[PDB]
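A.B. asks: How does the following fold in three dimensions:
(7 chains)
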Amino acid sequence: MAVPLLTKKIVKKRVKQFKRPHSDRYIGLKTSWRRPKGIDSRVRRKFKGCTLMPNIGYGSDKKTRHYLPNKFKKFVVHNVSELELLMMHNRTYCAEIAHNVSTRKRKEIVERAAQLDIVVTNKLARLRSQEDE
Amino acid sequence: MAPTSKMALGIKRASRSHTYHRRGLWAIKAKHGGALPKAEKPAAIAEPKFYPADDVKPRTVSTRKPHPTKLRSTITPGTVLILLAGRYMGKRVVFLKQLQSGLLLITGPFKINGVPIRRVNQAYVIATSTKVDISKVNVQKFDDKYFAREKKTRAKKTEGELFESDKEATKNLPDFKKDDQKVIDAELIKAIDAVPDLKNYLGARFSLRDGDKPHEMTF
Amino acid sequence: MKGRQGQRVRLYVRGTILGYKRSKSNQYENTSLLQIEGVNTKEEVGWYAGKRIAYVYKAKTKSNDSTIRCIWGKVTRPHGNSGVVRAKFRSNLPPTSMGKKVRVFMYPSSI
RNA sequence: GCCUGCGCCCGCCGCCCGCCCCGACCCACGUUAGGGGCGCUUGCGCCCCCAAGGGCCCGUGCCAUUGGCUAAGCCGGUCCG
RNA sequence: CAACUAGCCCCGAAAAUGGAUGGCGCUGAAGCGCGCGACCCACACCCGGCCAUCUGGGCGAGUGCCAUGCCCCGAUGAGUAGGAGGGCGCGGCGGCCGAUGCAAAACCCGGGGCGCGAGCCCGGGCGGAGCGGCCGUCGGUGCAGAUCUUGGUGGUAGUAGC
RNA sequence: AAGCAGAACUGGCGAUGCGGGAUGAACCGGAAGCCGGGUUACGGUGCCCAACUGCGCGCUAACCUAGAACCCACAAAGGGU
RNA sequence: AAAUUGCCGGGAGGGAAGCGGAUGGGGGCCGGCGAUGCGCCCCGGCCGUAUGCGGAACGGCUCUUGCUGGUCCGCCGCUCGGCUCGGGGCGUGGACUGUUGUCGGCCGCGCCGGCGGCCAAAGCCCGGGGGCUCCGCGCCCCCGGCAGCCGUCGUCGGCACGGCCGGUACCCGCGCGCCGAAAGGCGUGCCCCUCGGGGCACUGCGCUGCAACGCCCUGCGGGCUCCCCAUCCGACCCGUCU
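C.D. replies: Numbering: from 1, shown residues only, chains lettered A, B, ... in the order given. The protein structure is shown below:
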């Protein structure tokens, strides 16, 4: 059930990457997609090769939406209290230590996380913050 | 269409027989069926899920069926085979038996041509018109359970022990197989020499020249 | 060695990757067209369905301590009168391979 | 035509790389309607015959390690012209 | 022998930057007419997988809570002008929770990952004092232009020149 | 007369890519979610350029412009033992 | 901070043509890769239920009041036993990711076979007559008996292979007594055939992925950017006017 859906999402990819037209030659013109409003655009007219437009159909399977490639659902964890919510899920949810949190407070998150058995990315973020490559 | 016709225009003629045999005992698994088994004291969460039991039983039977017939085109024990894929490919070899796994036991005699006992897939093979007579060869010793390649559990020994790295992950030669192979090979050589020049022929190899057509070539 | 026999280095019947499946206008790289050497007709190329294909190439870099790399594929069905065939690969073959020889095996044999 | 802060270059063998557009058996009367061989009338002749191929590697544990040998070759490298 | 019919070819048919069945070239065509098969071949068509939207269901009796939820349907989806719908980002305010000199915010990063996107997340480097998330509230709220405004900086150019 | 000015009906473009017509906003085919696999349309199959130098039966020899795909890239009266 | 400039490094190359991108592959650069899984037994380690005791938050409820059901901790008595970390001892084998075998579904693929339609007849042997030819061979046409085999229409039947997707997570499929490596078969009645065999009837539950290889750490698959080569709409880049 869950496992072949994961395979479909990861292997197929619609990592098309929606680049704005003429982003390449005008630096200030942003990489971020905005819809060509004018009729005169080739991109609007839906010429192929001119970078295909974002549409809903490109969208992934409902189950595999907002999932880490491990098949875990990613949650940014601010503090110790929030770990208790993640404990209910275990396998289904992941803990990732927030940017705001400083190094000492990261350590207490890691040791608690170990007890829940949601070791993945939580430990990794902390280890860098210590000193490590 | 023709094999499936009995089942198709019957529906469950084979499976009807089994119920009536059980019923021949008297009065049985109608009553027993409601009473039968376990349930009620769960684990973890809902337990929504899957297998053992029921499911395994038709699947094992169905996977057995391709081993003759569908793959086979026809091939009797002692047919000479061409291995077109596998390691030993391009060697012509003699067919010992078909395993439960569905892989074929073969063996070219070891001294003349390098082929060991070995398991090879049926799917690869071209069935040739030649037959070598395997009347009095003891192929019996070699079986499906005989061919278990040991894994990298630990050391090959009894278990539970601290071990060393000098395992063979993708390979393993049992000493016993080497002793056994010589005996079985001896009988085969007698049959091979009976027809002239077959013995050299097996080792030589067949491959398709430029301009040769594999479709027209069919043995 | 083991897997070794008594001669033929060339294990396969030859084939050539002409191009990809195509209009005049566009190509679809998903399916590749290969004209197989010595294959004159539509009937003959019908044999080739299901066979394994290897594109073997060499590269500057090592990998698992070998400079030789390969992409595998399979023959899907025949294409056209001239003995051209349709093929899919696990990952698409590099399209610089237009005009290269590729290898079409006997490996799974229907006969 | 010339090429030294002991560099450069050729000969000789040793080890290693990198390619091929994929090497990884090989290939001559002439002609667009003739070729060959034979007896010979010795010719732009006669009679035969052919039109959709040949030969080799093909067996050297992708070519192991060893001992010897044929007809005295076959094939590579050397060398004579 | 004469008058006709209608095919192709020839003539009639002469323009300028050299030139165009698109090109090469093609003569038992690769030409021209026509027949017969095979075959090639669009985001079209089919089958399957999958997205949202719409339609019809279904499942809350509480005591896992999104019930504006979740789950089963099948069909549909180009899209300017334009409408409606559902979101994202910024600044500040009431609420609520978190983060910090043992290194905040900011800034840099051919470093990782998520989301269809709007964007988000996290690491490393730089840095040195305050800040962000979430629920409400509100705007002087998001830029590529406007012969744009203001600041900076090129090619021009080490050139015209002196 | 006009790629002209003005009506009648309808489809398109405008609001249309993709495929075809070498190339082309409007012609032809078909309206387009996202993909894999199949199968076609238009138009092709000597090579470009994916695909029969396929089969069949005719016609054509063009030194005063050989001929070669609707729209469309022009063309006629009239002449030829 | 952007812009620009410098240095240097990488890619690329000094035989070659540029919309600067997309699409594919390789290099260059870098992050990732269950803590290493399970059953069992032996030792070591720790704890103890039931029942009596002693102190309590609870329940259904009633709700003055009543009756049935609590669990737990303290920790003593009286009888027994269990679990967990590690080690020992045995069996099964789990770690991203890539590969191969298979069952089912969908679709293509080539090939073989049967019957009927089209009064059936080309057809060949036998027989008869006629015409044409009128130089005769020969040619034609028709009719009756005949192996025979044919183009086209319709339909059914059989094989051999493969692609793709998925592993069928509630009625798709199927097992539950026996033998048989195996596949597979093994009841009985009925009826047709009456031969070989066939069709047809007859119980309820439980439940949906099988074989294999590499390695997870050594080491490496990979992701991403630029570049080169391949490929392509490239109506000049967007906006506006139209």
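
A.B. asks: Quick check: most distant residue from the centroid of chain A.
C.D. replies: Ranked by distance from the centre of chain A (C-alpha atoms, centre = their mean), the top residue is residue A:40, with 34.5 Å.

A.B. asks: Please report the distance of it from residue B:69.
C.D. replies: Distance of residue A:40 to residue B:69, given as C-beta to C-beta, to the nearest Å: 66 Å. Bear in mind the C-beta positions are built from the backbone N, C-alpha and C, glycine included.

A.B. asks: Ok, residue B:205 next?
C.D. replies: 29 Å.

A.B. asks: The closest residue to RNA strand D within chain B: how many residues sit nearby?
C.D. replies: Using C-beta to the nearest atom of the strand, the single residue of chain B nearest to RNA strand D is residue B:204, 4.1 Å away. Other residues within reach of residue B:204, judged by other C-beta atoms under 10 Å in any protein chain shown, total 14.

A.B. asks: Run a quick check on it versus residue C:7, I expect a contact.
C.D. replies: Yes. With contact defined as C-beta atoms under 8 Å, residue B:204 reaches residue C:7; the gap is 6.5 Å.

A.B. asks: so what's residue A:120 up against?
C.D. replies: A:70, A:72, A:94 (C-beta atoms under 8 Å, 6 or more residues apart in numbering or on different chains).

A.B. asks: How about residue 97: what's its closest non-neighbour residue?
C.D. replies: All of this refers to chain A. Nearest non-adjacent residue to residue A:97, counting by C-beta to C-beta, 6 or more residues apart in numbering or on different chains: residue A:125, 4.4 Å away.

A.B. asks: Let me rephrase: I mean chain C.
C.D. replies: Using C-beta to C-beta, 6+ apart and skipping the chain neighbours, the partner closest in space to residue C:97 is residue C:17 (5.3 Å).

A.B. asks: ok so the one you found is a strand residue?
C.D. replies: Yes. When DSSP: H, G, I helix; E, B strand; the rest coil is applied, residue C:17 is found to be in a strand.

A.B. asks: Report the separation between it and RNA strand G.
C.D. replies: Noted for residue C:17: a distance of 11 Å to RNA strand G, by C-beta to the nearest atom of the strand, to the nearest Å.

A.B. asks: who does that residue bridge with?
C.D. replies: Residue C:17 has these beta-bridge partners by DSSP bridges: residue C:34, residue C:100.

A.B. asks: does it really touch residue C:95, like I thought?
C.D. replies: No. The criterion here is C-beta under 8 Å, and residue C:17 misses it with residue C:95 at 9.2 Å.

A.B. asks: Those two: which has the busier surroundings?
C.D. replies: residue C:17 (22 against 12).

A.B. asks: Name all residues that make contact with that one.
C.D. replies: Applying C-beta under 8 Å, 6+ apart, we find residue C:17 in contact with C:32-34, C:55, C:93, C:97-102.

A.B. asks: which of the residues you listed tops the neighbour count?
C.D. replies: Highest neighbour count within these, by other C-beta under 10 Å: residue C:32, with 28 neighbours.

A.B. asks: what ranges do the strands span in chain C?
C.D. replies: C:13-22, C:27-35, C:52-58, C:68-79, C:84-89, C:100-104 (DSSP state E).

A.B. asks: now those strands in JSON lines, with distance to RNA strand E?
C.D. replies: Below are those laid out as JSON lines (distance: least, C-beta to the nearest atom of the strand, whole Å):
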{"stretch": "strand C:13-22", "distance to RNA strand E": "4"}
{"stretch": "strand C:27-35", "distance to RNA strand E": "6"}
{"stretch": "strand C:52-58", "distance to RNA strand E": "18"}
{"stretch": "strand C:68-79", "distance to RNA strand E": "4"}
{"stretch": "strand C:84-89", "distance to RNA strand E": "7"}
{"stretch": "strand C:100-104", "distance to RNA strand E": "18"}
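
A.B. asks: just those: most buried one?
C.D. replies: strand C:84-89 (a mean of 20; mean count of other C-beta atoms under 10 Å in any protein chain shown).

A.B. asks: before we move on, back to that, between residue B:205 and residue B:69, who's got more neighbours?
C.D. replies: More crowded of residue B:205 and residue B:69, by other C-beta under 10 Å: residue B:205, with 17 against 10.

A.B. asks: which residues does that one contact?
C.D. replies: By C-beta under 8 Å, 6+ apart, the contact set of residue B:205 is B:90-91, C:5-8.

A.B. asks: Any of those buried? List them.
C.D. replies: Among the contacts of residue B:205, the ones that count as buried by 16 or more other C-beta atoms under 10 Å in any protein chain shown are B:90-91, C:5.

A.B. asks: quick one: which of those is nearest residue B:195?
C.D. replies: Nearest to residue B:195 among those: residue B:91, at 17.6 Å, using C-beta to C-beta.

A.B. asks: and the closest one, what does it touch?
C.D. replies: Residue B:91 makes contacts with B:83, B:108, B:113-115, B:202-203, B:205, C:5, as judged by C-beta under 8 Å, 6+ apart.
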